[PDB]
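Next comes work05.cif, with mmCIF, C-alpha atoms.
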```cif
data_structure
#
loop_
_atom_site.group_PDB
_atom_site.id
_atom_site.type_symbol
_atom_site.label_atom_id
_atom_site.label_comp_id
_atom_site.auth_asym_id
_atom_site.auth_seq_id
_atom_site.Cartn_x
_atom_site.Cartn_y
_atom_site.Cartn_z
ATOM 1 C CA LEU A 1 -68.553 3.547 -3.854
ATOM 2 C CA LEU A 2 -68.129 2.113 -7.348
ATOM 3 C CA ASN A 3 -68.546 -1.630 -7.523
ATOM 4 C CA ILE A 4 -65.085 -2.835 -8.511
ATOM 5 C CA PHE A 5 -63.624 -0.061 -6.371
ATOM 6 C CA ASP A 6 -65.655 -1.487 -3.499
ATOM 7 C CA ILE A 7 -64.256 -4.965 -4.167
ATOM 8 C CA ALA A 8 -60.631 -3.878 -4.280
ATOM 9 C CA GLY A 9 -60.951 -1.488 -1.338
ATOM 10 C CA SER A 10 -62.486 -4.226 0.766
ATOM 11 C CA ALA A 11 -59.500 -6.346 -0.212
ATOM 12 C CA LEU A 12 -57.123 -3.583 0.883
ATOM 13 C CA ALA A 13 -58.823 -3.231 4.252
ATOM 14 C CA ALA A 14 -58.878 -6.984 4.846
ATOM 15 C CA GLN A 15 -55.206 -7.406 3.987
ATOM 16 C CA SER A 16 -54.336 -4.472 6.238
ATOM 17 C CA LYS A 17 -56.247 -5.942 9.169
ATOM 18 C CA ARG A 18 -54.568 -9.293 8.597
ATOM 19 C CA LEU A 19 -51.164 -7.601 8.626
ATOM 20 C CA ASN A 20 -52.003 -5.671 11.789
ATOM 21 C CA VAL A 21 -52.979 -8.866 13.588
ATOM 22 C CA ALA A 22 -49.790 -10.523 12.363
ATOM 23 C CA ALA A 23 -47.732 -7.585 13.630
ATOM 24 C CA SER A 24 -49.394 -7.760 17.034
ATOM 25 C CA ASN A 25 -48.672 -11.485 17.182
ATOM 26 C CA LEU A 26 -45.046 -11.063 16.176
ATOM 27 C CA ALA A 27 -44.550 -8.302 18.721
ATOM 28 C CA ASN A 28 -46.367 -9.996 21.618
ATOM 29 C CA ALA A 29 -44.562 -13.306 21.341
ATOM 30 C CA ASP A 30 -42.923 -13.710 24.747
ATOM 31 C CA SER A 31 -45.497 -11.662 26.651
ATOM 32 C CA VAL A 32 -46.007 -13.057 30.133
ATOM 33 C CA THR A 33 -49.282 -11.356 30.918
ATOM 34 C CA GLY A 34 -52.163 -9.245 29.737
ATOM 35 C CA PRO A 35 -53.514 -6.247 31.618
ATOM 36 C CA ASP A 36 -55.768 -8.080 34.044
ATOM 37 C CA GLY A 37 -53.259 -10.935 34.056
ATOM 38 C CA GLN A 38 -54.000 -13.759 31.616
ATOM 39 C CA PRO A 39 -52.010 -15.228 28.718
ATOM 40 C CA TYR A 40 -51.778 -13.275 25.512
ATOM 41 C CA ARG A 41 -53.703 -15.573 23.181
ATOM 42 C CA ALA A 42 -52.430 -15.292 19.614
ATOM 43 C CA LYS A 43 -54.922 -13.616 17.307
ATOM 44 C CA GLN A 44 -56.107 -14.477 13.808
ATOM 45 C CA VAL A 45 -58.525 -12.909 11.346
ATOM 46 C CA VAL A 46 -61.351 -14.682 9.528
ATOM 47 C CA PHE A 47 -61.914 -13.926 5.854
ATOM 48 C CA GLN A 48 -65.367 -14.365 4.341
ATOM 49 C CA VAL A 49 -66.587 -13.691 0.825
ATOM 50 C CA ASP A 50 -68.531 -10.441 0.939
ATOM 51 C CA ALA A 51 -71.781 -9.517 -0.852
ATOM 52 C CA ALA A 52 -74.133 -12.012 0.755
ATOM 53 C CA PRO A 53 -76.978 -11.056 -1.645
ATOM 54 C CA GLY A 54 -76.010 -11.404 -5.294
ATOM 55 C CA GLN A 55 -73.455 -13.220 -7.456
ATOM 56 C CA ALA A 56 -72.103 -15.239 -4.501
ATOM 57 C CA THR A 57 -68.733 -13.537 -5.145
ATOM 58 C CA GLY A 58 -67.250 -10.081 -4.877
ATOM 59 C CA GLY A 59 -65.059 -8.598 -2.179
ATOM 60 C CA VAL A 60 -63.647 -9.930 1.068
ATOM 61 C CA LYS A 61 -64.878 -9.125 4.573
ATOM 62 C CA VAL A 62 -62.765 -9.771 7.653
ATOM 63 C CA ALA A 63 -65.455 -9.902 10.316
ATOM 64 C CA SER A 64 -64.806 -11.683 13.619
ATOM 65 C CA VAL A 65 -61.171 -11.528 14.581
ATOM 66 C CA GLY B 1 -50.283 0.077 39.499
ATOM 67 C CA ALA B 2 -52.736 -1.124 42.110
ATOM 68 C CA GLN B 3 -52.926 -4.832 42.968
ATOM 69 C CA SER B 4 -56.624 -5.568 43.369
ATOM 70 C CA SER B 5 -56.017 -9.059 44.809
ATOM 71 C CA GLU B 6 -59.079 -10.056 42.781
ATOM 72 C CA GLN B 7 -56.689 -11.734 40.345
ATOM 73 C CA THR B 8 -53.134 -12.953 40.746
ATOM 74 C CA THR B 9 -51.473 -10.206 38.722
ATOM 75 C CA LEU B 10 -47.947 -9.082 38.009
ATOM 76 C CA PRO B 11 -46.814 -5.966 39.916
ATOM 77 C CA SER B 12 -45.632 -4.448 36.652
ATOM 78 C CA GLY B 13 -44.150 -0.995 36.719
ATOM 79 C CA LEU B 14 -40.897 -0.109 34.956
ATOM 80 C CA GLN B 15 -37.570 1.068 36.313
ATOM 81 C CA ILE B 16 -34.373 0.530 34.379
ATOM 82 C CA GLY B 17 -31.340 1.635 36.349
ATOM 83 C CA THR B 18 -27.795 2.041 35.158
ATOM 84 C CA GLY B 19 -24.152 1.769 35.932
ATOM 85 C CA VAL B 20 -21.878 -0.014 38.385
ATOM 86 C CA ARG B 21 -19.595 2.794 39.602
ATOM 87 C CA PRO B 22 -16.816 1.666 41.964
ATOM 88 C CA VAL B 23 -17.643 3.041 45.388
ATOM 89 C CA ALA B 24 -14.653 2.058 47.495
ATOM 90 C CA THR B 25 -11.311 0.251 47.557
ATOM 91 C CA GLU B 26 -11.137 -1.162 51.056
ATOM 92 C CA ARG B 27 -7.828 -1.898 52.742
ATOM 93 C CA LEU B 28 -8.081 -5.258 54.502
ATOM 94 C CA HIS B 29 -5.997 -4.498 57.595
ATOM 95 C CA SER B 30 -5.039 -7.873 59.009
ATOM 96 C CA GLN B 31 -1.810 -8.974 60.640
ATOM 97 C CA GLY B 32 0.507 -10.372 58.013
ATOM 98 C CA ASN B 33 2.925 -13.169 58.672
ATOM 99 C CA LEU B 34 6.474 -12.553 59.863
ATOM 100 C CA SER B 35 9.652 -13.389 57.971
ATOM 101 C CA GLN B 36 13.007 -13.555 59.711
ATOM 102 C CA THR B 37 15.652 -11.388 58.056
ATOM 103 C CA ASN B 38 18.304 -11.632 60.814
ATOM 104 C CA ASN B 39 18.934 -7.919 60.373
ATOM 105 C CA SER B 40 19.423 -6.103 63.656
ATOM 106 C CA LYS B 41 17.873 -2.817 62.536
ATOM 107 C CA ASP B 42 14.699 -4.393 61.117
ATOM 108 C CA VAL B 43 11.484 -4.727 63.114
ATOM 109 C CA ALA B 44 7.890 -5.873 62.598
ATOM 110 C CA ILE B 45 4.683 -5.127 64.493
ATOM 111 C CA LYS B 46 2.320 -7.399 66.408
ATOM 112 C CA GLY B 47 -1.084 -5.769 66.687
ATOM 113 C CA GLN B 48 -2.127 -2.455 65.279
ATOM 114 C CA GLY B 49 0.022 0.631 64.847
ATOM 115 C CA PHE B 50 2.125 2.482 62.298
ATOM 116 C CA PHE B 51 5.614 3.924 62.416
ATOM 117 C CA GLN B 52 5.500 7.680 61.926
#
```
As structure tokens, what does this structure read like?
Amino acid sequence: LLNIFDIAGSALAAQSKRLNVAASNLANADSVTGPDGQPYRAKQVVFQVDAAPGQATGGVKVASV
Amino acid sequence: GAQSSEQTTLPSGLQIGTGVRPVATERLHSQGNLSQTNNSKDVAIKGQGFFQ
């Protein structure tokens, strides 16, 4: 995967996962219960700057919803 | 589904249902009051029964 392509594709994936979490939140507002029976806790995504070795910048990773 | 009784859980299934169709139009057959008409040929009924 070419470097700048990697950066922008990581951005696409991260934005998509953020939107999917937001859609789940917006749909599950007013949801009495989960499967086992527990509140539906609203979900958020965590963005971190990717490429831990080198340049301290480049791409976004969305690990740990 | 199956209620395990391990957790307090909702008995969730799903049935929707429809409609309120009228099923009957009952005739409440009680003795009405009497009104005097002074007419000789007129007559009312105490208790049940119908003129044929």
Quick one: which chain A residues come within 9 Å of chain B, and what is the nearest atom pair for each with the distance in Å to one decimal, counting all atoms listed in the file, rows ordered by chain and ascending number, as JSON lines?
```
{"residue": "A:33", "atom": "CA", "partner": "B:10", "partner_atom": "CA", "distance": 7.6}
{"residue": "A:35", "atom": "CA", "partner": "B:9", "partner_atom": "CA", "distance": 8.4}
{"residue": "A:36", "atom": "CA", "partner": "B:9", "partner_atom": "CA", "distance": 6.7}
{"residue": "A:37", "atom": "CA", "partner": "B:9", "partner_atom": "CA", "distance": 5.0}
{"residue": "A:38", "atom": "CA", "partner": "B:9", "partner_atom": "CA", "distance": 8.3}
```
Practice task
Tell me which residues the PyMOL selection byres ((chain A and resi 43) around 9) grabs here, as JSON, numbers by chain.
Solution key: {"A": [21, 22, 24, 25, 40, 41, 42, 44, 45, 65]}
Exercise for the section: Find the distance between CA of residue 49 (chain A) and CA of residue 14 (chain A) and write it in Å to one decimal. Expected result: 11.0 Å
Handout entry: Two-atom distance - CA of residue 46 (chain B), CA of residue 30 (chain B) (Å)
Key =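 Going from CA of residue 46 (chain B) over to CA of residue 30 (chain B) covers 10.4 Å.
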Problem - Point-to-point distance from CA of residue 47 (chain A) to CA of residue 62 (chain A), Å rounded to tenths - result: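 CA of residue 47 (chain A) sits 4.6 Å away from CA of residue 62 (chain A).
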Exercise for the section: Just say which residues the PyMOL selection byres ((chain B and resi 33) around 12) picks in this file, as JSON, numbers by chain. Expected result: {"B": [30, 31, 32, 34, 35, 36, 44, 45, 46, 47]}
Exercise for the section: Evaluate the PyMOL selection byres ((chain A and resi 2-7) around 12) on the structure here and hand back the selected residues as JSON, numbers by chain. Expected result: {"A": [1, 8, 9, 10, 11, 12, 13, 14, 49, 50, 51, 57, 58, 59, 60, 61]}
